[PDB]
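Below: protein-v9.txt (compact mmCIF, N, CA, C and O atoms)
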# COMPACT_ATOMS: atom_id res chain seq x y z
N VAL A 490 -43.13 29.41 16.65
CA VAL A 490 -44.37 28.68 16.39
C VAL A 490 -44.35 27.25 16.92
O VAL A 490 -45.43 26.67 17.11
N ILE A 491 -43.18 26.65 17.16
CA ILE A 491 -43.08 25.31 17.71
C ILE A 491 -42.02 25.31 18.80
O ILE A 491 -41.19 26.21 18.88
N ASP A 492 -42.07 24.28 19.64
CA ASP A 492 -41.12 24.12 20.74
C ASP A 492 -39.99 23.20 20.30
O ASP A 492 -40.23 22.07 19.87
N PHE A 493 -38.76 23.68 20.42
CA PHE A 493 -37.59 22.87 20.14
C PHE A 493 -36.99 22.36 21.44
O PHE A 493 -36.97 23.08 22.45
N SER A 494 -36.51 21.13 21.42
CA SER A 494 -35.71 20.62 22.53
C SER A 494 -34.30 21.18 22.43
O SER A 494 -33.98 21.99 21.55
N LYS A 495 -33.44 20.76 23.35
CA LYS A 495 -32.04 21.12 23.24
C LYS A 495 -31.43 20.44 22.01
O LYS A 495 -31.92 19.39 21.57
N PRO A 496 -30.39 21.02 21.43
CA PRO A 496 -29.80 20.43 20.21
C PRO A 496 -29.27 19.03 20.46
O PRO A 496 -28.41 18.82 21.32
N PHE A 497 -29.78 18.07 19.70
CA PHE A 497 -29.23 16.72 19.73
C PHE A 497 -28.05 16.56 18.78
O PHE A 497 -27.40 15.51 18.80
N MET A 498 -27.77 17.56 17.96
CA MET A 498 -26.62 17.53 17.07
C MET A 498 -26.23 18.96 16.76
O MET A 498 -27.11 19.80 16.54
N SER A 499 -24.94 19.24 16.77
CA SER A 499 -24.41 20.56 16.45
C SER A 499 -23.71 20.53 15.10
O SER A 499 -23.08 19.54 14.73
N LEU A 500 -23.84 21.62 14.35
CA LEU A 500 -23.29 21.68 13.00
C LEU A 500 -22.98 23.13 12.66
O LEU A 500 -23.12 24.03 13.49
N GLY A 501 -22.55 23.34 11.42
CA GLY A 501 -22.28 24.66 10.90
C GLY A 501 -22.06 24.58 9.41
O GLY A 501 -22.16 23.50 8.81
N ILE A 502 -21.75 25.72 8.82
CA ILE A 502 -21.49 25.79 7.39
C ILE A 502 -20.01 25.50 7.15
O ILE A 502 -19.14 26.13 7.75
N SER A 503 -19.73 24.56 6.26
CA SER A 503 -18.39 24.07 6.01
C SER A 503 -18.13 24.00 4.51
O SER A 503 -19.05 24.11 3.68
N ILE A 504 -16.86 23.79 4.18
CA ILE A 504 -16.37 23.80 2.81
C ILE A 504 -15.93 22.38 2.44
O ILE A 504 -15.13 21.77 3.16
N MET A 505 -16.46 21.88 1.33
CA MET A 505 -16.11 20.58 0.78
C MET A 505 -15.36 20.78 -0.52
O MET A 505 -15.83 21.49 -1.41
N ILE A 506 -14.18 20.16 -0.63
CA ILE A 506 -13.41 20.19 -1.86
C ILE A 506 -13.04 18.77 -2.24
O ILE A 506 -13.00 17.87 -1.40
N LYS A 507 -12.74 18.58 -3.52
CA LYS A 507 -12.31 17.27 -3.99
C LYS A 507 -10.95 16.93 -3.41
O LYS A 507 -10.07 17.78 -3.28
N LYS A 508 -10.79 15.67 -3.04
CA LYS A 508 -9.55 15.22 -2.42
C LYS A 508 -8.39 15.35 -3.41
O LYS A 508 -8.52 14.95 -4.57
N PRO A 514 4.17 9.94 -6.80
CA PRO A 514 5.40 10.22 -7.55
C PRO A 514 5.63 9.22 -8.67
O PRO A 514 5.54 8.02 -8.45
N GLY A 515 5.93 9.72 -9.87
CA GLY A 515 6.23 8.83 -10.97
C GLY A 515 7.55 8.12 -10.79
O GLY A 515 8.41 8.51 -9.99
N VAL A 516 7.72 7.03 -11.54
CA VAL A 516 8.95 6.25 -11.44
C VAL A 516 10.14 7.08 -11.89
O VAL A 516 11.19 7.09 -11.23
N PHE A 517 10.00 7.80 -12.99
CA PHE A 517 11.07 8.61 -13.56
C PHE A 517 10.86 10.10 -13.27
O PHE A 517 11.17 10.96 -14.09
N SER A 518 10.35 10.40 -12.08
CA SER A 518 10.09 11.78 -11.68
C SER A 518 11.36 12.52 -11.27
O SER A 518 11.29 13.74 -11.05
N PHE A 519 12.50 11.84 -11.16
CA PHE A 519 13.75 12.53 -10.89
C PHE A 519 14.20 13.36 -12.09
O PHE A 519 15.10 14.19 -11.94
N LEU A 520 13.60 13.15 -13.25
CA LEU A 520 13.85 13.95 -14.44
C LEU A 520 13.02 15.22 -14.49
O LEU A 520 13.18 16.02 -15.42
N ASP A 521 12.13 15.42 -13.52
CA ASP A 521 11.15 16.50 -13.60
C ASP A 521 11.73 17.90 -13.50
O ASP A 521 11.15 18.81 -14.11
N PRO A 522 12.82 18.17 -12.75
CA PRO A 522 13.34 19.55 -12.72
C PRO A 522 13.68 20.13 -14.09
O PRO A 522 13.50 21.33 -14.30
N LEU A 523 14.18 19.31 -15.01
CA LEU A 523 14.51 19.78 -16.35
C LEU A 523 13.47 19.27 -17.34
O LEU A 523 12.93 18.17 -17.20
N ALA A 524 13.19 20.09 -18.35
CA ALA A 524 12.22 19.71 -19.37
C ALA A 524 12.76 18.58 -20.24
O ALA A 524 13.97 18.33 -20.31
N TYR A 525 11.84 17.89 -20.91
CA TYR A 525 12.20 16.77 -21.77
C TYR A 525 13.12 17.21 -22.90
O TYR A 525 14.07 16.50 -23.26
N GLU A 526 12.85 18.38 -23.48
CA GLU A 526 13.70 18.90 -24.54
C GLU A 526 15.12 19.15 -24.05
O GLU A 526 16.07 18.98 -24.81
N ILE A 527 15.28 19.54 -22.78
CA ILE A 527 16.62 19.74 -22.24
C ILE A 527 17.38 18.43 -22.19
O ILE A 527 18.55 18.37 -22.57
N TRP A 528 16.74 17.35 -21.73
CA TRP A 528 17.41 16.06 -21.69
C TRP A 528 17.78 15.58 -23.09
O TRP A 528 18.89 15.07 -23.32
N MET A 529 16.86 15.74 -24.04
CA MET A 529 17.12 15.34 -25.41
C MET A 529 18.28 16.13 -26.02
O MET A 529 19.18 15.55 -26.66
N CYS A 530 18.30 17.44 -25.81
CA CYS A 530 19.38 18.26 -26.34
C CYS A 530 20.68 18.02 -25.59
O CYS A 530 21.76 18.20 -26.16
N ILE A 531 20.61 17.60 -24.32
CA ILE A 531 21.82 17.20 -23.60
C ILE A 531 22.43 15.97 -24.24
O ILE A 531 23.65 15.88 -24.41
N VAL A 532 21.59 15.00 -24.61
CA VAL A 532 22.09 13.81 -25.29
C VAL A 532 22.71 14.19 -26.64
O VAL A 532 23.80 13.71 -27.00
N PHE A 533 22.03 15.05 -27.40
CA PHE A 533 22.57 15.48 -28.69
C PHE A 533 23.89 16.21 -28.52
O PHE A 533 24.84 15.98 -29.29
N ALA A 534 23.98 17.10 -27.53
CA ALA A 534 25.20 17.85 -27.29
C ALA A 534 26.33 16.94 -26.83
O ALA A 534 27.49 17.17 -27.18
N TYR A 535 26.01 15.91 -26.04
CA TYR A 535 27.02 14.94 -25.65
C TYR A 535 27.58 14.21 -26.86
O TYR A 535 28.81 14.06 -27.00
N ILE A 536 26.70 13.78 -27.77
CA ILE A 536 27.16 13.11 -28.99
C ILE A 536 28.04 14.05 -29.81
O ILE A 536 29.13 13.66 -30.28
N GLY A 537 27.59 15.29 -30.00
CA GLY A 537 28.36 16.23 -30.79
C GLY A 537 29.71 16.57 -30.18
O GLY A 537 30.71 16.67 -30.89
N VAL A 538 29.75 16.75 -28.86
CA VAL A 538 31.00 17.05 -28.18
C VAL A 538 31.98 15.89 -28.32
O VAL A 538 33.16 16.10 -28.59
N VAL B 490 -34.46 21.89 37.30
CA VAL B 490 -34.82 22.88 38.30
C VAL B 490 -34.81 24.31 37.77
O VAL B 490 -35.42 25.19 38.41
N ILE B 491 -34.16 24.59 36.64
CA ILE B 491 -34.16 25.92 36.04
C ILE B 491 -34.38 25.77 34.54
O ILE B 491 -34.23 24.69 33.97
N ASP B 492 -34.75 26.88 33.91
CA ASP B 492 -34.96 26.93 32.47
C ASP B 492 -33.71 27.45 31.79
O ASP B 492 -33.20 28.51 32.16
N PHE B 493 -33.22 26.72 30.80
CA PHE B 493 -32.08 27.16 30.00
C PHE B 493 -32.57 27.67 28.66
O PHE B 493 -33.53 27.15 28.09
N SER B 494 -31.90 28.70 28.15
CA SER B 494 -32.13 29.13 26.78
C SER B 494 -31.36 28.21 25.84
O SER B 494 -30.66 27.29 26.26
N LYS B 495 -31.49 28.47 24.54
CA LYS B 495 -30.69 27.73 23.58
C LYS B 495 -29.21 28.08 23.78
O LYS B 495 -28.89 29.17 24.27
N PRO B 496 -28.30 27.17 23.44
CA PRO B 496 -26.88 27.44 23.66
C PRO B 496 -26.41 28.66 22.88
O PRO B 496 -26.52 28.71 21.66
N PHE B 497 -25.89 29.65 23.61
CA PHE B 497 -25.22 30.76 22.95
C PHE B 497 -23.78 30.45 22.62
O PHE B 497 -23.12 31.24 21.93
N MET B 498 -23.26 29.31 23.08
CA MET B 498 -21.90 28.90 22.79
C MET B 498 -21.83 27.39 22.88
O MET B 498 -22.35 26.81 23.84
N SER B 499 -21.22 26.76 21.89
CA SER B 499 -21.07 25.32 21.85
C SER B 499 -19.61 24.95 22.07
O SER B 499 -18.71 25.56 21.49
N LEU B 500 -19.38 23.94 22.91
CA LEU B 500 -18.03 23.54 23.27
C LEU B 500 -17.97 22.03 23.41
O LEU B 500 -18.93 21.31 23.10
N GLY B 501 -16.83 21.54 23.88
CA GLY B 501 -16.63 20.13 24.13
C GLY B 501 -15.26 19.90 24.71
O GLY B 501 -14.46 20.83 24.85
N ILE B 502 -15.00 18.65 25.06
CA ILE B 502 -13.70 18.27 25.61
C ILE B 502 -12.68 18.29 24.48
O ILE B 502 -12.93 17.76 23.40
N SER B 503 -11.52 18.89 24.74
CA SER B 503 -10.48 19.06 23.74
C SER B 503 -9.12 18.84 24.38
O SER B 503 -8.97 18.85 25.61
N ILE B 504 -8.13 18.65 23.51
CA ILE B 504 -6.77 18.32 23.90
C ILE B 504 -5.90 19.57 23.74
O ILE B 504 -5.94 20.23 22.70
N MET B 505 -5.13 19.87 24.77
CA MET B 505 -4.18 20.97 24.79
C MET B 505 -2.78 20.38 24.90
O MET B 505 -2.51 19.60 25.82
N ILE B 506 -1.91 20.75 23.97
CA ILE B 506 -0.53 20.30 24.00
C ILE B 506 0.38 21.51 23.88
O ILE B 506 0.00 22.56 23.36
N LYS B 507 1.61 21.35 24.36
CA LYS B 507 2.59 22.42 24.24
C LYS B 507 2.96 22.61 22.77
O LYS B 507 2.94 21.66 21.99
N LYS B 508 3.25 23.85 22.39
CA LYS B 508 3.67 24.12 21.01
C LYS B 508 4.90 23.29 20.66
O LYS B 508 5.84 23.21 21.46
N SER B 512 12.55 22.40 18.67
CA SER B 512 13.06 21.05 18.88
C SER B 512 14.57 20.98 18.64
O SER B 512 15.05 21.34 17.57
N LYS B 513 15.30 20.53 19.65
CA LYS B 513 16.74 20.40 19.52
C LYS B 513 17.07 19.35 18.46
O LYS B 513 16.44 18.28 18.43
N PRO B 514 18.03 19.61 17.57
CA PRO B 514 18.34 18.65 16.51
C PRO B 514 18.92 17.37 17.09
O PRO B 514 19.64 17.39 18.08
N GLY B 515 18.60 16.25 16.45
CA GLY B 515 19.19 14.99 16.84
C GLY B 515 20.65 14.90 16.46
O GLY B 515 21.16 15.67 15.65
N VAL B 516 21.34 13.95 17.08
CA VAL B 516 22.76 13.76 16.79
C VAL B 516 22.96 13.36 15.34
O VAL B 516 23.86 13.87 14.65
N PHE B 517 22.12 12.46 14.84
CA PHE B 517 22.21 11.95 13.47
C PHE B 517 21.15 12.55 12.56
O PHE B 517 20.65 11.89 11.65
N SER B 518 20.79 13.81 12.79
CA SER B 518 19.77 14.47 11.99
C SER B 518 20.27 14.88 10.62
O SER B 518 19.47 15.38 9.81
N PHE B 519 21.56 14.70 10.32
CA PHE B 519 22.06 14.95 8.98
C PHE B 519 21.58 13.92 7.97
O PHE B 519 21.75 14.13 6.77
N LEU B 520 21.00 12.81 8.43
CA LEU B 520 20.39 11.82 7.57
C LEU B 520 18.92 12.11 7.28
O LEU B 520 18.29 11.35 6.55
N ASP B 521 18.38 13.19 7.84
CA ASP B 521 16.95 13.44 7.76
C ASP B 521 16.44 13.80 6.36
O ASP B 521 15.27 13.49 6.08
N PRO B 522 17.19 14.47 5.48
CA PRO B 522 16.64 14.75 4.14
C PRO B 522 16.21 13.52 3.37
O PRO B 522 15.22 13.58 2.63
N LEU B 523 16.91 12.40 3.51
CA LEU B 523 16.56 11.17 2.82
C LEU B 523 15.94 10.17 3.78
O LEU B 523 16.28 10.15 4.97
N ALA B 524 15.03 9.36 3.27
CA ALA B 524 14.38 8.35 4.09
C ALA B 524 15.35 7.22 4.44
O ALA B 524 16.37 7.02 3.78
N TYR B 525 15.01 6.49 5.50
CA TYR B 525 15.85 5.40 5.96
C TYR B 525 15.96 4.30 4.91
O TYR B 525 17.03 3.71 4.72
N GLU B 526 14.85 4.02 4.22
CA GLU B 526 14.88 3.03 3.15
C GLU B 526 15.81 3.45 2.02
O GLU B 526 16.46 2.60 1.41
N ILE B 527 15.90 4.75 1.74
CA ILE B 527 16.82 5.22 0.71
C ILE B 527 18.26 4.95 1.11
O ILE B 527 19.06 4.50 0.29
N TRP B 528 18.62 5.22 2.37
CA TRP B 528 19.98 4.95 2.82
C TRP B 528 20.30 3.46 2.76
O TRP B 528 21.39 3.07 2.31
N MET B 529 19.36 2.63 3.19
CA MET B 529 19.57 1.18 3.14
C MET B 529 19.75 0.69 1.71
O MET B 529 20.65 -0.11 1.42
N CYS B 530 18.90 1.17 0.80
CA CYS B 530 19.02 0.77 -0.60
C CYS B 530 20.27 1.35 -1.25
O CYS B 530 20.80 0.74 -2.18
N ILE B 531 20.75 2.50 -0.77
CA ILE B 531 22.02 3.03 -1.25
C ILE B 531 23.16 2.11 -0.86
O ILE B 531 24.06 1.84 -1.67
N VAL B 532 23.14 1.60 0.37
CA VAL B 532 24.17 0.65 0.80
C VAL B 532 24.10 -0.62 -0.05
O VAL B 532 25.13 -1.14 -0.51
N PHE B 533 22.89 -1.13 -0.26
CA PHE B 533 22.74 -2.34 -1.07
C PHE B 533 23.21 -2.12 -2.50
O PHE B 533 23.90 -2.98 -3.07
N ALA B 534 22.86 -0.98 -3.08
CA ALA B 534 23.27 -0.66 -4.44
C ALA B 534 24.78 -0.50 -4.53
O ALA B 534 25.39 -0.90 -5.53
N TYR B 535 25.40 0.08 -3.51
CA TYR B 535 26.86 0.20 -3.48
C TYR B 535 27.52 -1.17 -3.49
O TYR B 535 28.46 -1.42 -4.25
N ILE B 536 27.01 -2.08 -2.65
CA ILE B 536 27.57 -3.43 -2.61
C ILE B 536 27.41 -4.12 -3.96
O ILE B 536 28.36 -4.72 -4.49
N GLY B 537 26.21 -4.03 -4.54
CA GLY B 537 25.97 -4.68 -5.82
C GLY B 537 26.81 -4.11 -6.94
O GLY B 537 27.31 -4.85 -7.79
N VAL B 538 26.97 -2.79 -6.96
CA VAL B 538 27.78 -2.14 -7.99
C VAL B 538 29.23 -2.57 -7.87
O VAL B 538 29.88 -2.88 -8.88

Can you present the structure in this file as structure tokens?
Amino acid sequence: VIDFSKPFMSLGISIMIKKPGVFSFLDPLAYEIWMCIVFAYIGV
Amino acid sequence: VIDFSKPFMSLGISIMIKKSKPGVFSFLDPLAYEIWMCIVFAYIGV
């Protein structure tokens, strides 16, 4: 129904998604493990 | 001089690069350079 010129801009359908602690070296073991390690050290 | 249809394919200028031998001192690669330097400093201070 209307005349289009050549595309002045090209686009497509795209996906938009939403985009270390100081003591993070303790992260491999849980906090309870460290606490029980201290307790076991005292007991030993 | 001629009539073009709408683009059936869109393109542009692009960069093509080739798709690694280990370095001599690549055994230091797991840790950052700043970590090694601070390890030396910490050793001296200790």

Compile a residue-level contact table for chain A against chain B at a cut-off of 8 Å, reporting for every qualifying residue the shortest atom pair and its distance in Å to one decimal, with all atoms listed in the file counted, rows ordered by chain and ascending number, as CSV.
residue,atom,partner,partner_atom,distance
A:493,O,B:493,O,7.8
A:494,O,B:495,CA,6.9
A:495,CA,B:495,CA,6.8
A:496,N,B:496,N,6.8
A:499,CA,B:499,CA,7.9

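The space between atom N of residue 529 in chain A and atom O of residue 517 in chain A spans 12.4 Å.
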
Interatomic distance, CA of residue 523 in chain A to CA of residue 535 in chain A (Å, one decimal):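 Pair CA of residue 523 in chain A / CA of residue 535 in chain A returns 16.3 Å.
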
DSSP helix (DSSP H, G or I) residues within chain B, listed as JSON, numbers by chain: {"B": [518, 519, 520, 525, 526, 527, 528, 529, 530, 531, 532, 533, 534, 535, 536, 537]}

Length of the atom C of residue 497 in chain A to atom C of residue 503 in chain B vector [Å]: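 Answer for the atom C of residue 497 in chain A to atom C of residue 503 in chain B separation: 19.9 Å.
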